[PDB]
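Encoded as structure tokens, the structure appears first; notes follow it.
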Amino acid sequence: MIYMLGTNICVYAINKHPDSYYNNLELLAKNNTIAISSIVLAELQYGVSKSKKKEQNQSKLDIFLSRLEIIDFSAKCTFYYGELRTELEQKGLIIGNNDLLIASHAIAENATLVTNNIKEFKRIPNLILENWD
Amino acid sequence: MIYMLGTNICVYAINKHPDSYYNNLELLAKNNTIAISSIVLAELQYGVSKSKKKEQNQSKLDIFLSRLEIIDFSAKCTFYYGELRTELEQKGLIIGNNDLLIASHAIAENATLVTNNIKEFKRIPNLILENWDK
Amino acid sequence: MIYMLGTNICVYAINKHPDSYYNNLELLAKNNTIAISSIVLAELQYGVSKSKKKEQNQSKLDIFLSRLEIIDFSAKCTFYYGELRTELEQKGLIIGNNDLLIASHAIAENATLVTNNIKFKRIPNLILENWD
Amino acid sequence: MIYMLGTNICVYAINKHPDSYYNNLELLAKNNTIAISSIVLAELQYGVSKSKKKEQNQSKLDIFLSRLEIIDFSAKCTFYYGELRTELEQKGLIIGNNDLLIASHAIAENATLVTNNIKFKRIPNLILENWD
Amino acid sequence: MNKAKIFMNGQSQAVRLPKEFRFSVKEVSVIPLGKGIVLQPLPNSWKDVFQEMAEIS
Amino acid sequence: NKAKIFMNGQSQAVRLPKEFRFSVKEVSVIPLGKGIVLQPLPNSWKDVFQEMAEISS
Amino acid sequence: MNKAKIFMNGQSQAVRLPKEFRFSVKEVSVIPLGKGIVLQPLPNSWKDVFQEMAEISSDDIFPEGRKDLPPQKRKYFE
Amino acid sequence: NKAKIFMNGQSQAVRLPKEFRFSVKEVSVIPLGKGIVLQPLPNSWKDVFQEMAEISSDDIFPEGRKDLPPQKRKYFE
DNA sequence: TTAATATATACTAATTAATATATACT
DNA sequence: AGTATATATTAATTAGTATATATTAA
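Residue numbers (the authors' numbering), protein chains in the order written: chain B, 1 to 133; chain A, 1 to 134; chain D, 1 to 119, 121 to 133; chain C, 1 to 119, 121 to 133; chain H, 1 to 57; chain E, 2 to 58; chain F, 1 to 78; chain G, 2 to 78.
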């Protein structure tokens, strides 16, 4: 199984580095693939560029990525994004621009999206989720 | 070089099919690579799914993509996105959503980004632009 | 991940074709790789050659292998075999000669070995899954 | 042509390093391929792991392997193994598990099996060469 | 801009797929769309194998 | 309906059912979700724009 | 019987690995064994990843949180 | 200690620490579990046998090989 | 009895690996 | 001393082109 981490899981891992997070990651890494979308990486890079301690935050992000596979947002994801965006709009469900791309990438890869806070993420059709806290 | 088309160029090409667009494409295709970001394709696929005539719109999009290269949004684009988004917010400027991802992608590929208007990609640093008037 | 089927799982699948095994294989194949060691295939081919219904049993094994990956017993496996055999003998525990090769192949590939008798459980560093 | 070395030839080469063995190897190596099955390597790795001087024995094995080709026991070998095992059992002919796999591998590769102890002598379709 | 050649396999027509568009499955569904067709992977059927294994007996 | 995947040389291929046969020697391959669209390949950007105009009008 | 060439990379010596011996890790363990060496895959553990991040001092990423604005309803095609 | 893996052309390479530098321009590569052994390559079978003779160790298989007959199983019907 | 199924091969194109250097930086 | 990346050329491998043919289920 491919486990795709949501931006919020990554931000909390870099900022707060909780022991429960590394234990969950080490357990899954033994028989599964831990990855992040290049969309999540775009968000993480924005977090670093926006900060005061850019060099240190980049260093922490680089260390965090040493153990992850960065999956490119590919042509295969686009049909799923199209279908998902339409369906969410039809049901009156509002999702942020990046979260919508991240969700559709998880769907295209048939991956489990690891989220810090579920909220409207469960309302997303054909999406496998796992919540950590 | 690489010419990446923006969403507006692509939507106008499919809907209005102007002669000036195919003449620019045929001219450029002879010595350059015509491409679209997978981010543009995400927007075009949303256009299809949302529409009433899904089959026809998919067909037209499939025909449009036949002489294009679809470039995946890769890890190399991420650094440029982070820097561009931060700079635009610092200046109080907004070229939100996918257009920021699309612009980052052209910057990362060292490509000319093809536009329809001045609003789509405004005062965006380090970005090579080319406007095809409607 | 990689799921490596043991000899007994394969023999029971071909002979008895249980729904439970089918269910398992249709479920795991969606996100994982179903595979066998070339050691298992050596044993299954012997089962066919020994058999009264040779032609039919070959046909059934051929169909069974169509959705399977046959992994060669490679040079990387040898170090694990040597270490595993020595350790098992040191603890006085006795495993079948082919089963010892099949187990050391699952360890070398970091695969889940699917068995018919877990209580195989004594083998160190081996991931197992039992099917009924 | 392919010359595949049996376990006994290998064990004697590493332990006793006889003058005659390297002369036969050097002669054949000029126009032929000298190789071992990954089944032989599994046995030699077990020999290393079992020993008291593990580091030295691994070093000797590593040096021995430097000029030979390690051939993986593949899917093509399986049909030959099944046929050979059935035939040997039918005739009441005893053969060790590993020797049966090593013999089938040579048969599959159409190789000459280099042996130390003659009686491999009764295996059908197997090309042999004995060294003293 | 990827292209694929059409060739004959027996009395059937066939399309040679470029490496980038290779399938990991055995069968695909075929549905018309405009002047062409869409090909979608069909699940690697363990059902199909268990049916013929039972048929042989 | 369905189509089988087979090997032709070192390339993968799809055997087309008779009803889905093409009258051209080469096709355009476009991704769509986990699969692909096979369609006639327009020779140029003018043909592409002409072909799109035929679908709409 | 496999061979690999020794070459220079900067002021360091390097061994060009044949394709069959490629590693999927970016770091390896090097241990002596007789006249040679053993190379084994050495990936950083998630524990080591978290320990290395904890050593680095910086301000938090997204202190006010993530601003992921929703897209606008677009009617691209008819 | 540790060595970094990098790209040289389209080939993968290992950067050796100074203490592990070789005085030859080509090495022998042998698999060992998930990894490899890099060692000097003897020029011939004589040099292979001479290098093994220099190493002092206990004999492998002193009691001999325990190659028991293949294990039995129920197979088809 | 006509598609389709299954496999096989000689060859050439295209792609990817490997060789052998170069460079500026930490 | 090591990190990191670059790249031209040739060597080698792998993909693709073209074809052939004997069987079998629709």
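Built from N, CA and C at the ideal position, the CB exists for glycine as well.
Secondary structure note for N24 of chain C: its alpha helix (DSSP H) is the uninterrupted segment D19 to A29. Residue F:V15 holds the alpha-carbon nearest to the alpha-carbon of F23 of chain G among F:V15, F:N2 and F:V28.
Straight across, the Cα-Cα distance linking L44 of chain A with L69 of chain F is about 20 Å. By the rule that beta-carbons nearer than 8 Å mark a contact, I36 of chain A does not touch chain F. Contacts between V11 of chain C and chain G, judged by CB atoms closer than 8 Å, involve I61, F62 and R66 in chain order. The beta carbon of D72 of chain A sits closer than 8 Å to those of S38, all from its chain and outside the five residues before and after it, given in chain order. Around the beta carbon of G96 of chain A, a 10 Å sphere encloses fewer than 16 other beta carbons of the protein chains shown; the residue is thus reported as exposed. When rounded, the separation of the alpha-carbon atoms in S20 of chain B and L127 of chain B is 24 Å.
Where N57 of chain C is concerned, there is no enclosing beta strand (DSSP E), although the alpha helix (DSSP H) around it starts and stops at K54 to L65. In this structure, the CA atom of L113 of chain D is about 35 Å from the CA atom of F121 of chain B. The count of Cβ pairs closer than 8 Å, one atom from the region 53-62 of chain F and one from the region 9-29 of chain B, reaches three, so the stretches are in contact. Contact between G10 of chain F and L39 of chain G is absent: CB atoms are separated by about 19 Å, not below the 8 Å threshold. Between the C-alpha atoms of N116 of chain C and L61 of chain D there is a straight-line separation of about 37 Å.
Against chain D, the CB of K60 of chain C has no partner CB under 8 Å away; the residue lies outside that interface.
Scanning H:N44, H:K19, H:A4 and H:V49 for the CA closest to the CA of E27 of chain H turns up H:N44. Three or more beta-carbon pairs separated by less than 8 Å are not found between the region 48-62 of chain A and the region 96-105 of chain B, which leaves the two stretches without contact. When the Cα atoms are used, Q13 of chain H and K19 of chain E turn out to be separated by approximately 7 Å. The beta carbon of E55 of chain B does not come within 8 Å of any beta carbon belonging to chain A, so the residue lies off that interface. Not a single C-beta of chain C is nearer than 8 Å to the C-beta of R123 of chain D.
For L100 of chain A, the enclosing alpha helix (DSSP H) stretches over residues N97 to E109. The C-beta distance from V49 of chain E to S66 of chain A rounds to 6 Å, short enough to meet the 8 Å contact threshold.
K16 of chain A is outside the set of residues whose beta carbon lies under 8 Å from a beta carbon in chain F. For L33 of chain F, the closest Cβ of chain C is nearer than 8 Å. Per DSSP, the continuous beta strand (DSSP E) segment holding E27 of chain G begins and ends at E27 to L33. Annotation: the continuous alpha helix (DSSP H) that includes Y81 of chain D extends over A75 to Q90.
With respect to the 8 Å criterion, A4 of chain H and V30 of chain E are classified as neighbours on the basis of their beta carbons. In this structure, DSSP gives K5 of chain G an extended state, which the three-state scheme calls strand. Taking a beta-carbon distance threshold of 8 Å, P70 of chain G does not count as an interface residue toward chain F.
Just so you know, the alpha carbons of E89 of chain D and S49 of chain C end up roughly 11 Å apart. Of all residues in the region 23-53 of chain F, those with a C-beta nearer than 8 Å to a C-beta of chain B are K26, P43, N44, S45, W46, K47, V49, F50, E52 and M53, reading in chain order.
In the structure shown, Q11 of chain F falls within a coil segment according to DSSP collapsed to helix, strand and coil. The beta carbon of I118 of chain C lies closer than 7 Å to those of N131 in the same chain, with the five residues before and after it left out. Your pair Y81 of chain B and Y46 of chain A checks out as a contact, with CB atoms roughly 7 Å apart and the cut at 8 Å. Per DSSP, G47 of chain C is one residue of the alpha helix (DSSP H) stretching across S38 to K50.
Residue pairing by DSSP places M4 of chain C opposite C:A35 and C:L113 in a beta bridge.
Taking the Cα of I9 of chain D as reference, the smallest distance to any Cα among D:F64, D:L84 and D:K53 is reached at D:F64.
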